[PDB]
Amino acid sequence: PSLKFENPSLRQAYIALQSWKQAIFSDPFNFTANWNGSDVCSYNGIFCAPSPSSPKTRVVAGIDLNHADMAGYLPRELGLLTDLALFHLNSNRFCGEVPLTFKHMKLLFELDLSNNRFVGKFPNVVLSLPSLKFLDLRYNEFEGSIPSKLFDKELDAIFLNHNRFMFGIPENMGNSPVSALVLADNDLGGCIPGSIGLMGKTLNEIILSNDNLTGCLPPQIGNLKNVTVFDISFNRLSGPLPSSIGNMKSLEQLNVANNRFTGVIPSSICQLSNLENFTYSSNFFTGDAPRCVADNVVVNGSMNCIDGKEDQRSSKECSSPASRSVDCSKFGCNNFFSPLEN
Amino acid sequence: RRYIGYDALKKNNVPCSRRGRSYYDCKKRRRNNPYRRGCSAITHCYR
Ligand SMILES: *[C@@H]1O[C@H](CO)[C@@H](O[C@@H]2O[C@H](CO)[C@@H](O[C@@H]3O[C@H](CO)[C@@H](O)[C@H](O)[C@@H]3O)[C@H](O)[C@H]2NC(C)=O)[C@H](O)[C@H]1NC(C)=O
Ligand SMILES: *[C@@H]1O[C@H](CO)[C@@H](O[C@@H]2O[C@H](CO)[C@@H](O[C@@H]3O[C@H](CO)[C@@H](O)[C@H](O)[C@@H]3O)[C@H](O)[C@H]2NC(C)=O)[C@H](O)[C@H]1NC(C)=O
Ligand SMILES: *[C@@H]1O[C@H](CO)[C@@H](O)[C@H](O)[C@H]1NC(C)=O
Ligand SMILES: *[C@@H]1O[C@H](CO)[C@@H](O)[C@H](O)[C@H]1NC(C)=O
Ligand SMILES: *[C@@H]1O[C@H](CO)[C@@H](O)[C@H](O)[C@H]1NC(C)=O
């Protein structure tokens, strides 16, 4: 047409955005209204920046449509946005599968596809992204098992909670240098992979809550000295809490509730000086936690078979087939490679 | 008192509340160039 463009990159970006304007079916907060003319950078949600290859040429560096209630799909023509570095699509209504054409987004660093209607198997396309360090696919309907290659890739944060994943956590989880890992609200069967002990130097927050995890808590969690959050709630985990928990000196949030843990609360929990919220409730514990440093630190010890405390589990409901100590090897996972503390 | 893991359990909240800004780079906006990041761990530079 008659539209003059500043550089060839925005012209392809105009091709990509108008093609993706046709892919959008509902725009409640009138974002696509501005997608007229050749000035691509003025488009709502489109963000330009000087290209690192040539700073004089301005290029489309980011797309941020967070909290827009936009409905549609991701067309093949978005792969022309090779200069893209960030891509924010939280709280949208984009459905379908992630296009294979994202392979051309060589500079893409952070990818947020959270709270959408994406379906299909896990998109292996994100694994090919060289510059990717932030992957967010939470609250979608991706099916199947989590590929083992995901945890081999050097990523900072992986969010896959409340999705349609299955078939347990890959045993190579320890290989990922991720600082934040959330695989919660999923029907993942199996035990906590013992590879967590390798994650001590990089991991800072891990949440495996509301998964279908059964088995014992591996004691090598003590290597996680710089982890602040450790949540394993709403699981089928049985066994004793390892005395190695006290080695997690940076632990601030410790949630062990909604499980099947036997035995006593170790005395090494006393060493955690940064601890501010601790929850060991709806478990079959028989021994209470000491008096060490518990104001301003909230503890909930509800539904526990300890004789001393108030608001405890029923006498019937205690001394029950789960209240009984477990072999911890009668499960088919191999969480640990050295006998337990006892 | 604010953690990215627990925020990930909420579907609506985002790490970087500034539109177009990189998550790693929620700072006062002057030019908004995502190519200059300066952070490699969200947990250490969250919001
Ligand atoms: C985004 O832009 C569209 C239009 O570009 C806005 O739609 C407009 O919404 C108003 C609502 O106040 C509509 O007025 C209504 O008209 C009906 C007649 O059908 C009347 O019975 C109502 O009492 C009211 O006056 C207006 O017609 C409509 N324009 C359209 C559809 O072309 C929309 O509101 C904008 N988004 C936001 C968040 O404001
Ligand atoms: C200390 O940490 C515990 C554990 O994270 C906190 O308890 C948790 O509080 C959240 C809400 O703040 C609860 O989430 C809600 O759970 C219900 C269960 O049906 C669900 O329907 C709601 O939609 C919502 O997700 C969570 O269940 C609860 N966990 C436990 C084990 O009680 C506690 O609030 C924290 N205390 C402080 C002072 O920060
Ligand atoms: C838990 O996992 C088992 C086997 O992995 C499965 O059969 C069962 O349906 C799951 N239960 C829930 C409540 O998700
Ligand atoms: C890890 O924990 C130690 C414990 O004192 C602390 O000094 C340090 O700042 C924490 N973070 C890193 C990145 O080492
Ligand atoms: C522990 O959590 C349960 C959840 O319903 C709550 O009813 C109870 O009051 C809590 N206990 C304490 C001491 O906060």
# chains A, B, ... in the order shown; residues from 1 in each chain; ligands from 1

call {"tool": "closest_atom_pairs", "arguments": {"of": "stretch 48-109 of chain A", "to": "stretch 134-156 of chain A", "cutoff": "10 Å", "atoms": "only C-alpha atoms", "output": "JSON lines"}}
result
{"residue": "A:86", "atom": "CA", "partner": "A:134", "partner_atom": "CA", "distance": 9.4}
{"residue": "A:88", "atom": "CA", "partner": "A:136", "partner_atom": "CA", "distance": 9.4}
{"residue": "A:89", "atom": "CA", "partner": "A:136", "partner_atom": "CA", "distance": 9.7}
{"residue": "A:90", "atom": "CA", "partner": "A:136", "partner_atom": "CA", "distance": 9.2}
{"residue": "A:91", "atom": "CA", "partner": "A:139", "partner_atom": "CA", "distance": 9.4}
{"residue": "A:95", "atom": "CA", "partner": "A:140", "partner_atom": "CA", "distance": 9.2}
{"residue": "A:96", "atom": "CA", "partner": "A:141", "partner_atom": "CA", "distance": 9.7}
{"residue": "A:97", "atom": "CA", "partner": "A:142", "partner_atom": "CA", "distance": 8.6}
{"residue": "A:108", "atom": "CA", "partner": "A:134", "partner_atom": "CA", "distance": 9.4}
{"residue": "A:109", "atom": "CA", "partner": "A:134", "partner_atom": "CA", "distance": 6.5}

call {"tool": "write_last_selection", "arguments": {"atoms": "N, CA and C atoms", "output": "PDB file, in the first residue's frame"}}
result
ATOM      1  N   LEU A  86      10.456  -9.830  25.083  1.00  0.00           N
ATOM      2  CA  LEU A  86       9.488 -10.165  26.111  1.00  0.00           C
ATOM      3  C   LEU A  86       8.117 -10.328  25.477  1.00  0.00           C
ATOM      4  N   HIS A  88       4.154 -10.861  27.015  1.00  0.00           N
ATOM      5  CA  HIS A  88       3.302 -10.900  28.196  1.00  0.00           C
ATOM      6  C   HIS A  88       1.869 -11.105  27.742  1.00  0.00           C
ATOM      7  N   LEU A  89       1.257 -12.194  28.194  1.00  0.00           N
ATOM      8  CA  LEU A  89      -0.097 -12.512  27.775  1.00  0.00           C
ATOM      9  C   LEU A  89      -0.903 -13.055  28.953  1.00  0.00           C
ATOM     10  N   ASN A  90      -0.729 -12.465  30.134  1.00  0.00           N
ATOM     11  CA  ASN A  90      -1.477 -12.920  31.300  1.00  0.00           C
ATOM     12  C   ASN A  90      -2.940 -12.501  31.223  1.00  0.00           C
ATOM     13  N   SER A  91      -3.811 -13.378  31.728  1.00  0.00           N
ATOM     14  CA  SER A  91      -5.235 -13.093  31.896  1.00  0.00           C
ATOM     15  C   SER A  91      -5.890 -12.699  30.573  1.00  0.00           C
ATOM     16  N   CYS A  95      -6.759 -19.206  22.911  1.00  0.00           N
ATOM     17  CA  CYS A  95      -6.905 -20.650  22.927  1.00  0.00           C
ATOM     18  C   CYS A  95      -6.045 -21.264  21.828  1.00  0.00           C
ATOM     19  N   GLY A  96      -6.089 -22.589  21.744  1.00  0.00           N
ATOM     20  CA  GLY A  96      -5.306 -23.294  20.751  1.00  0.00           C
ATOM     21  C   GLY A  96      -3.961 -23.741  21.282  1.00  0.00           C
ATOM     22  N   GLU A  97      -2.995 -23.902  20.386  1.00  0.00           N
ATOM     23  CA  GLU A  97      -1.666 -24.373  20.734  1.00  0.00           C
ATOM     24  C   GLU A  97      -0.627 -23.319  20.375  1.00  0.00           C
ATOM     25  N   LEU A 108      14.015 -13.942  22.325  1.00  0.00           N
ATOM     26  CA  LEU A 108      12.973 -13.968  23.344  1.00  0.00           C
ATOM     27  C   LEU A 108      13.543 -14.465  24.665  1.00  0.00           C
ATOM     28  N   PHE A 109      13.377 -13.661  25.712  1.00  0.00           N
ATOM     29  CA  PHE A 109      13.962 -13.917  27.022  1.00  0.00           C
ATOM     30  C   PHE A 109      12.947 -14.406  28.044  1.00  0.00           C
TER      31      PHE A 109
END

call {"tool": "closest_atom_pairs", "arguments": {"of": "chain A", "to": "ligand 4", "cutoff": "7 Å", "atoms": "only C-alpha atoms and all ligand atoms", "output": "JSON lines"}}
result
{"residue": "A:225", "atom": "CA", "partner": "ligand 4", "partner_atom_place_in_ligand_line": "2 (O)", "distance": 6.2}
{"residue": "A:226", "atom": "CA", "partner": "ligand 4", "partner_atom_place_in_ligand_line": "1 (C)", "distance": 4.4}
{"residue": "A:249", "atom": "CA", "partner": "ligand 4", "partner_atom_place_in_ligand_line": "4 (C)", "distance": 6.7}
{"residue": "A:250", "atom": "CA", "partner": "ligand 4", "partner_atom_place_in_ligand_line": "2 (O)", "distance": 5.8}

call {"tool": "write_last_selection", "arguments": {"atoms": "N, CA, C and O atoms", "output": "CSV table (one decimal), in the first residue's frame"}}
result
chain,number,residue,atom,x,y,z
A,225,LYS,N,20.3,-24.6,51.1
A,225,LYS,CA,20.5,-23.6,52.1
A,225,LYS,C,20.1,-22.2,51.7
A,225,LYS,O,19.8,-21.4,52.6
A,226,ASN,N,19.9,-21.9,50.4
A,226,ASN,CA,19.4,-20.6,50.0
A,226,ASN,C,18.0,-20.7,49.4
A,226,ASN,O,17.7,-19.9,48.4
A,249,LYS,N,18.9,-22.9,56.2
A,249,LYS,CA,19.0,-21.8,57.0
A,249,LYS,C,18.2,-20.6,56.5
A,249,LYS,O,17.7,-19.7,57.3
A,250,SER,N,18.1,-20.4,55.2
A,250,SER,CA,17.4,-19.3,54.6
A,250,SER,C,15.9,-19.6,54.5
A,250,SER,O,15.2,-18.7,53.9

call {"tool": "interface_residues", "arguments": {"of": "chain A", "to": "chain B", "cutoff": "6 Å", "atoms": "only C-alpha atoms", "output": "ChimeraX atom specification"}}
result
/A:49,64,115

call {"tool": "atom_distance", "arguments": {"atom1": "atom CA of residue A:300", "atom2": "atom CA of residue A:278"}}
result
6.9 Å

call {"tool": "residues_near_ligand", "arguments": {"ligand": "ligand 2", "cutoff": "7 Å", "atoms": "only C-alpha atoms and all ligand atoms", "output": "PDB file with N, CA and C atoms, in the first residue's frame"}}
result
ATOM      1  N   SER A 233       2.334 -28.969  50.251  1.00  0.00           N
ATOM      2  CA  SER A 233       1.014 -29.195  50.825  1.00  0.00           C
ATOM      3  C   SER A 233       0.138 -30.027  49.892  1.00  0.00           C
ATOM      4  N   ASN A 255       5.865 -25.080  54.547  1.00  0.00           N
ATOM      5  CA  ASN A 255       4.509 -25.610  54.596  1.00  0.00           C
ATOM      6  C   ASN A 255       4.559 -27.106  54.327  1.00  0.00           C
ATOM      7  N   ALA A 257       1.800 -29.115  55.396  1.00  0.00           N
ATOM      8  CA  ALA A 257       0.440 -29.478  55.755  1.00  0.00           C
ATOM      9  C   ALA A 257      -0.188 -30.397  54.705  1.00  0.00           C
ATOM     10  N   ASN A 258      -1.305 -31.015  55.096  1.00  0.00           N
ATOM     11  CA  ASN A 258      -2.155 -31.807  54.204  1.00  0.00           C
ATOM     12  C   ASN A 258      -1.369 -32.948  53.555  1.00  0.00           C
ATOM     13  N   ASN A 277       6.779 -18.280  58.887  1.00  0.00           N
ATOM     14  CA  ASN A 277       5.508 -19.002  58.834  1.00  0.00           C
ATOM     15  C   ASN A 277       5.806 -20.477  58.620  1.00  0.00           C
ATOM     16  N   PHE A 278       5.323 -21.302  59.547  1.00  0.00           N
ATOM     17  CA  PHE A 278       5.529 -22.743  59.539  1.00  0.00           C
ATOM     18  C   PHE A 278       4.195 -23.440  59.763  1.00  0.00           C
ATOM     19  N   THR A 279       3.889 -24.423  58.916  1.00  0.00           N
ATOM     20  CA  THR A 279       2.602 -25.109  58.952  1.00  0.00           C
ATOM     21  C   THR A 279       2.838 -26.602  58.783  1.00  0.00           C
ATOM     22  N   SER A 281       0.160 -29.084  59.548  1.00  0.00           N
ATOM     23  CA  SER A 281      -1.184 -29.390  60.006  1.00  0.00           C
ATOM     24  C   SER A 281      -1.831 -30.443  59.117  1.00  0.00           C
ATOM     25  N   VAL A 298       4.246 -17.285  62.863  1.00  0.00           N
ATOM     26  CA  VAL A 298       2.959 -17.962  62.948  1.00  0.00           C
ATOM     27  C   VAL A 298       3.165 -19.460  62.758  1.00  0.00           C
TER      28      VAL A 298
END

call {"tool": "residues_around", "arguments": {"residues": "residue A:38", "least_positions_apart": "4", "cutoff": "10 Å", "atoms": "only C-alpha atoms", "output": "list in words"}}
result
residues 2, 3, 4, 5, 6, 10, 11, 13, 14, 42 and 43 of chain A

call {"tool": "write_last_selection", "arguments": {"atoms": "N, CA, C and O atoms", "output": "short mmCIF file (atom, residue, chain, number, x, y, z; two decimals), in the first residue's frame"}}
result
data_model
loop_
_atom_site.label_atom_id
_atom_site.label_comp_id
_atom_site.auth_asym_id
_atom_site.auth_seq_id
_atom_site.Cartn_x
_atom_site.Cartn_y
_atom_site.Cartn_z
N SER A 2 0.25 2.38 0.42
CA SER A 2 0.93 3.67 0.45
C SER A 2 1.66 3.93 1.75
O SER A 2 2.19 5.03 1.93
N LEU A 3 1.71 2.96 2.66
CA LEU A 3 2.27 3.20 3.98
C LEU A 3 3.79 3.08 3.93
O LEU A 3 4.33 2.04 3.54
N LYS A 4 4.48 4.15 4.32
CA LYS A 4 5.93 4.16 4.42
C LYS A 4 6.34 3.70 5.81
O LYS A 4 5.74 4.10 6.81
N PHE A 5 7.36 2.85 5.87
CA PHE A 5 7.86 2.33 7.13
C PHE A 5 9.28 2.82 7.39
O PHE A 5 10.05 3.05 6.46
N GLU A 6 9.60 2.98 8.67
CA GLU A 6 10.91 3.48 9.06
C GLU A 6 12.01 2.49 8.70
O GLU A 6 13.10 2.90 8.27
N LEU A 10 9.88 -3.16 11.26
CA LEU A 10 8.52 -2.78 11.61
C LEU A 10 7.53 -3.11 10.51
O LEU A 10 6.33 -3.29 10.78
N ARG A 11 7.98 -3.18 9.25
CA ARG A 11 7.07 -3.57 8.18
C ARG A 11 6.61 -5.01 8.35
O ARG A 11 5.42 -5.30 8.22
N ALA A 13 6.67 -6.46 11.22
CA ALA A 13 5.89 -6.39 12.45
C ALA A 13 4.47 -5.94 12.14
O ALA A 13 3.51 -6.45 12.74
N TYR A 14 4.32 -4.99 11.22
CA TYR A 14 2.99 -4.58 10.79
C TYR A 14 2.26 -5.73 10.11
O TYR A 14 1.05 -5.90 10.27
N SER A 42 3.20 2.84 18.02
CA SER A 42 2.10 3.46 18.75
C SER A 42 1.01 2.48 19.14
O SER A 42 0.10 2.86 19.89
N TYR A 43 1.06 1.24 18.66
CA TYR A 43 0.01 0.28 18.96
C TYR A 43 -0.03 -0.02 20.45
O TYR A 43 1.01 -0.16 21.10
#

call {"tool": "closest_residue", "arguments": {"among": "A:287, A:219, A:28, A:321", "to": "residue A:339", "atoms": "only C-alpha atoms"}}
result
A:219

call {"tool": "residues_around", "arguments": {"residues": "residue A:185", "least_positions_apart": "3", "cutoff": "12 Å", "atoms": "only C-alpha atoms", "output": "ChimeraX atom specification"}}
result
/A:138-140,159-166,182,188-189,207-213,231-235 /B:8-10

call {"tool": "select_by_dssp", "arguments": {"residues": "chain B", "states": "helix (DSSP H, G or I)", "output": "PyMOL selection string"}}
result
chain B and resi 4-9+23-25+42-44

call {"tool": "write_last_selection", "arguments": {"atoms": "N, CA, C and O atoms", "output": "PDB file, in the first residue's frame"}}
result
ATOM      1  N   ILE B   4       7.381 -14.831  44.716  1.00  0.00           N
ATOM      2  CA  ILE B   4       6.881 -15.107  43.373  1.00  0.00           C
ATOM      3  C   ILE B   4       6.178 -16.457  43.319  1.00  0.00           C
ATOM      4  O   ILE B   4       5.229 -16.639  42.545  1.00  0.00           O
ATOM      5  N   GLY B   5       6.612 -17.420  44.134  1.00  0.00           N
ATOM      6  CA  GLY B   5       5.967 -18.722  44.122  1.00  0.00           C
ATOM      7  C   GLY B   5       4.513 -18.647  44.548  1.00  0.00           C
ATOM      8  O   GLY B   5       3.623 -19.154  43.860  1.00  0.00           O
ATOM      9  N   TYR B   6       4.254 -18.011  45.692  1.00  0.00           N
ATOM     10  CA  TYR B   6       2.883 -17.869  46.167  1.00  0.00           C
ATOM     11  C   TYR B   6       2.061 -16.956  45.266  1.00  0.00           C
ATOM     12  O   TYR B   6       0.850 -17.159  45.126  1.00  0.00           O
ATOM     13  N   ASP B   7       2.692 -15.955  44.644  1.00  0.00           N
ATOM     14  CA  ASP B   7       1.972 -15.134  43.674  1.00  0.00           C
ATOM     15  C   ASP B   7       1.586 -15.936  42.442  1.00  0.00           C
ATOM     16  O   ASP B   7       0.546 -15.670  41.830  1.00  0.00           O
ATOM     17  N   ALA B   8       2.404 -16.920  42.063  1.00  0.00           N
ATOM     18  CA  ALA B   8       2.063 -17.765  40.926  1.00  0.00           C
ATOM     19  C   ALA B   8       0.801 -18.577  41.174  1.00  0.00           C
ATOM     20  O   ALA B   8       0.170 -19.029  40.213  1.00  0.00           O
ATOM     21  N   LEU B   9       0.421 -18.774  42.438  1.00  0.00           N
ATOM     22  CA  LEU B   9      -0.819 -19.483  42.731  1.00  0.00           C
ATOM     23  C   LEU B   9      -2.040 -18.626  42.422  1.00  0.00           C
ATOM     24  O   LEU B   9      -3.123 -19.165  42.166  1.00  0.00           O
ATOM     25  N   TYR B  23       9.720  -8.258  33.410  1.00  0.00           N
ATOM     26  CA  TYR B  23       9.507  -8.653  34.801  1.00  0.00           C
ATOM     27  C   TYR B  23      10.754  -8.405  35.634  1.00  0.00           C
ATOM     28  O   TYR B  23      10.675  -7.890  36.755  1.00  0.00           O
ATOM     29  N   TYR B  24      11.913  -8.774  35.096  1.00  0.00           N
ATOM     30  CA  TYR B  24      13.186  -8.599  35.775  1.00  0.00           C
ATOM     31  C   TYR B  24      13.524  -7.138  36.020  1.00  0.00           C
ATOM     32  O   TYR B  24      14.464  -6.856  36.771  1.00  0.00           O
ATOM     33  N   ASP B  25      12.792  -6.209  35.411  1.00  0.00           N
ATOM     34  CA  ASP B  25      13.186  -4.809  35.369  1.00  0.00           C
ATOM     35  C   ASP B  25      12.018  -3.890  35.721  1.00  0.00           C
ATOM     36  O   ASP B  25      11.807  -2.857  35.078  1.00  0.00           O
ATOM     37  N   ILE B  42      14.668 -13.826  39.430  1.00  0.00           N
ATOM     38  CA  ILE B  42      13.501 -13.029  39.814  1.00  0.00           C
ATOM     39  C   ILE B  42      13.412 -12.930  41.326  1.00  0.00           C
ATOM     40  O   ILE B  42      13.073 -11.876  41.878  1.00  0.00           O
ATOM     41  N   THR B  43      13.705 -14.034  42.020  1.00  0.00           N
ATOM     42  CA  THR B  43      13.555 -14.072  43.470  1.00  0.00           C
ATOM     43  C   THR B  43      14.407 -13.011  44.153  1.00  0.00           C
ATOM     44  O   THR B  43      14.066 -12.554  45.251  1.00  0.00           O
ATOM     45  N   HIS B  44      15.505 -12.597  43.522  1.00  0.00           N
ATOM     46  CA  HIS B  44      16.356 -11.555  44.078  1.00  0.00           C
ATOM     47  C   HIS B  44      15.997 -10.159  43.582  1.00  0.00           C
ATOM     48  O   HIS B  44      16.440  -9.173  44.185  1.00  0.00           O
TER      49      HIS B  44
END

call {"tool": "closest_residue", "arguments": {"among": "A:340, A:206, A:264, A:107", "to": "residue A:323", "atoms": "only C-alpha atoms"}}
result
A:264

call {"tool": "closest_atom_pairs", "arguments": {"of": "chain A", "to": "ligand 1", "cutoff": "9 Å", "atoms": "only C-alpha atoms and all ligand atoms", "output": "tab-separated table"}}
result
residue	atom	partner	partner_atom_place_in_ligand_line	distance
A:27	CA	ligand 1	1 (C)	7.8
A:28	CA	ligand 1	36 (N)	5.7
A:29	CA	ligand 1	38 (C)	4.9
A:30	CA	ligand 1	1 (C)	4.8
A:31	CA	ligand 1	1 (C)	8.6
A:33	CA	ligand 1	5 (O)	7.7

call {"tool": "residues_around", "arguments": {"residues": "residue A:174", "least_positions_apart": "6", "cutoff": "7 Å", "atoms": "only C-alpha atoms", "output": "PyMOL selection string"}}
result
chain A and resi 195-199

call {"tool": "atom_distance", "arguments": {"atom1": "atom CA of residue A:299", "atom2": "atom CA of residue A:315"}}
result
22.6 Å

call {"tool": "select_by_dssp", "arguments": {"residues": "stretch 86-274 of chain A", "states": "strand (DSSP E or B)", "output": "PyMOL selection string"}}
result
chain A and resi 86-88+93-96+110-112+117-121+134-136+141-143+145+157-159+166+180-182+189-190+205-207+212-215+229-231+236-239+253-255+260-261+264

call {"tool": "write_last_selection", "arguments": {"atoms": "N, CA and C atoms", "output": "compact mmCIF listing (two decimals), in the first residue's frame"}}
result
# COMPACT_ATOMS: atom_id res chain seq x y z
N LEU A 86 10.46 -9.83 25.08
CA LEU A 86 9.49 -10.17 26.11
C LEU A 86 8.12 -10.33 25.48
N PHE A 87 7.29 -11.16 26.11
CA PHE A 87 5.98 -11.48 25.55
C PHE A 87 5.06 -11.79 26.73
N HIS A 88 4.15 -10.86 27.02
CA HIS A 88 3.30 -10.90 28.20
C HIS A 88 1.87 -11.11 27.74
N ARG A 93 -7.71 -14.66 26.83
CA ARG A 93 -8.56 -15.78 26.45
C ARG A 93 -8.07 -16.38 25.14
N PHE A 94 -6.76 -16.41 24.94
CA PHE A 94 -6.20 -17.00 23.74
C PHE A 94 -6.19 -18.52 23.89
N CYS A 95 -6.76 -19.21 22.91
CA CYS A 95 -6.90 -20.65 22.93
C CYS A 95 -6.05 -21.26 21.83
N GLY A 96 -6.09 -22.59 21.74
CA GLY A 96 -5.31 -23.29 20.75
C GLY A 96 -3.96 -23.74 21.28
N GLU A 110 11.79 -13.76 28.12
CA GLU A 110 10.75 -14.12 29.07
C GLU A 110 9.44 -14.37 28.33
N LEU A 111 8.75 -15.45 28.69
CA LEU A 111 7.52 -15.87 28.02
C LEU A 111 6.45 -16.13 29.07
N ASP A 112 5.40 -15.31 29.05
CA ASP A 112 4.29 -15.42 30.00
C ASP A 112 3.02 -15.68 29.21
N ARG A 117 -6.42 -20.10 27.64
CA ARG A 117 -7.17 -21.28 27.24
C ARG A 117 -6.36 -22.17 26.30
N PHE A 118 -5.04 -22.15 26.44
CA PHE A 118 -4.19 -23.00 25.62
C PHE A 118 -4.39 -24.47 25.99
N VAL A 119 -4.44 -25.31 24.96
CA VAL A 119 -4.68 -26.74 25.09
C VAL A 119 -3.63 -27.49 24.28
N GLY A 120 -3.72 -28.82 24.32
CA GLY A 120 -2.78 -29.66 23.61
C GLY A 120 -1.62 -30.10 24.48
N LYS A 121 -0.72 -30.86 23.86
CA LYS A 121 0.45 -31.35 24.58
C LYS A 121 1.38 -30.19 24.92
N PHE A 134 12.74 -17.27 31.30
CA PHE A 134 11.52 -17.17 32.11
C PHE A 134 10.38 -17.78 31.31
N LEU A 135 9.85 -18.90 31.80
CA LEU A 135 8.78 -19.62 31.12
C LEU A 135 7.59 -19.71 32.06
N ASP A 136 6.45 -19.16 31.63
CA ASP A 136 5.25 -19.11 32.44
C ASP A 136 4.10 -19.67 31.62
N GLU A 141 -4.48 -25.52 29.86
CA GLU A 141 -4.97 -26.88 29.71
C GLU A 141 -4.02 -27.70 28.85
N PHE A 142 -2.71 -27.50 29.06
CA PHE A 142 -1.71 -28.33 28.41
C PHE A 142 -1.76 -29.75 28.98
N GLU A 143 -1.74 -30.74 28.10
CA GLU A 143 -1.88 -32.14 28.48
C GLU A 143 -0.54 -32.86 28.46
N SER A 145 2.74 -35.44 29.84
CA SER A 145 3.82 -35.41 30.81
C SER A 145 4.77 -34.26 30.54
N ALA A 157 13.06 -19.46 35.88
CA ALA A 157 11.79 -19.74 36.53
C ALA A 157 10.91 -20.56 35.60
N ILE A 158 10.26 -21.57 36.18
CA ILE A 158 9.37 -22.47 35.47
C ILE A 158 8.08 -22.55 36.28
N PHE A 159 6.97 -22.14 35.67
CA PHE A 159 5.67 -22.15 36.32
C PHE A 159 4.73 -23.01 35.49
N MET A 166 0.39 -34.49 33.89
CA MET A 166 0.26 -35.82 34.45
C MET A 166 1.63 -36.48 34.48
N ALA A 180 13.16 -20.24 40.84
CA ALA A 180 11.77 -20.42 41.23
C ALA A 180 11.17 -21.54 40.40
N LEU A 181 10.58 -22.52 41.07
CA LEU A 181 9.96 -23.67 40.41
C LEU A 181 8.61 -23.93 41.06
N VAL A 182 7.54 -23.80 40.28
CA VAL A 182 6.19 -24.05 40.77
C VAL A 182 5.53 -25.04 39.82
N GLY A 189 1.67 -37.87 39.53
CA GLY A 189 1.83 -39.02 40.40
C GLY A 189 3.30 -39.36 40.60
N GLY A 190 3.63 -39.80 41.80
CA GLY A 190 4.98 -40.22 42.11
C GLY A 190 5.50 -39.50 43.33
N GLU A 205 12.94 -20.79 45.59
CA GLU A 205 11.55 -21.05 45.96
C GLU A 205 11.03 -22.22 45.14
N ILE A 206 10.45 -23.20 45.82
CA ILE A 206 9.86 -24.37 45.17
C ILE A 206 8.53 -24.67 45.83
N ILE A 207 7.50 -24.89 45.02
CA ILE A 207 6.16 -25.19 45.51
C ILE A 207 5.62 -26.37 44.72
N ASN A 212 -0.35 -34.79 43.23
CA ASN A 212 -0.70 -36.12 43.74
C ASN A 212 0.54 -36.92 44.14
N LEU A 213 1.40 -36.30 44.96
CA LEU A 213 2.68 -36.88 45.35
C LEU A 213 2.53 -37.77 46.58
N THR A 214 3.01 -39.00 46.44
CA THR A 214 3.05 -39.99 47.50
C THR A 214 4.50 -40.40 47.71
N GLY A 215 4.86 -40.72 48.95
CA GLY A 215 6.20 -41.16 49.23
C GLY A 215 6.80 -40.38 50.38
N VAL A 229 11.25 -20.51 50.17
CA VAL A 229 9.91 -21.09 50.19
C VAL A 229 10.01 -22.56 49.81
N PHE A 230 9.34 -23.41 50.59
CA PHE A 230 9.34 -24.85 50.35
C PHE A 230 7.95 -25.35 50.74
N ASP A 231 7.09 -25.57 49.75
CA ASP A 231 5.69 -25.94 49.99
C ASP A 231 5.39 -27.27 49.32
N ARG A 236 0.11 -36.73 49.16
CA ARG A 236 -0.01 -38.00 49.86
C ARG A 236 1.31 -38.42 50.48
N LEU A 237 2.17 -37.46 50.83
CA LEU A 237 3.50 -37.78 51.33
C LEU A 237 3.44 -38.36 52.74
N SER A 238 4.06 -39.52 52.92
CA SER A 238 4.15 -40.19 54.21
C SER A 238 5.60 -40.28 54.65
N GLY A 239 5.81 -40.42 55.96
CA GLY A 239 7.14 -40.57 56.49
C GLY A 239 7.46 -39.53 57.54
N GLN A 253 9.38 -19.59 54.51
CA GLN A 253 8.05 -20.18 54.45
C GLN A 253 8.21 -21.69 54.32
N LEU A 254 7.78 -22.43 55.34
CA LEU A 254 7.82 -23.89 55.34
C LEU A 254 6.41 -24.41 55.56
N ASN A 255 5.86 -25.08 54.55
CA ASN A 255 4.51 -25.61 54.60
C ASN A 255 4.56 -27.11 54.33
N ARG A 260 0.64 -37.04 55.10
CA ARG A 260 0.53 -38.25 55.91
C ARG A 260 1.83 -38.49 56.65
N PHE A 261 2.42 -37.43 57.19
CA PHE A 261 3.72 -37.55 57.85
C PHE A 261 3.56 -38.14 59.24
N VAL A 264 8.02 -37.57 64.80
CA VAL A 264 8.09 -36.35 65.59
C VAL A 264 8.64 -35.21 64.73

call {"tool": "closest_residue", "arguments": {"among": "A:68, A:125, A:297, A:265", "to": "ligand 5", "atoms": "only C-alpha atoms and all ligand atoms"}}
result
A:297
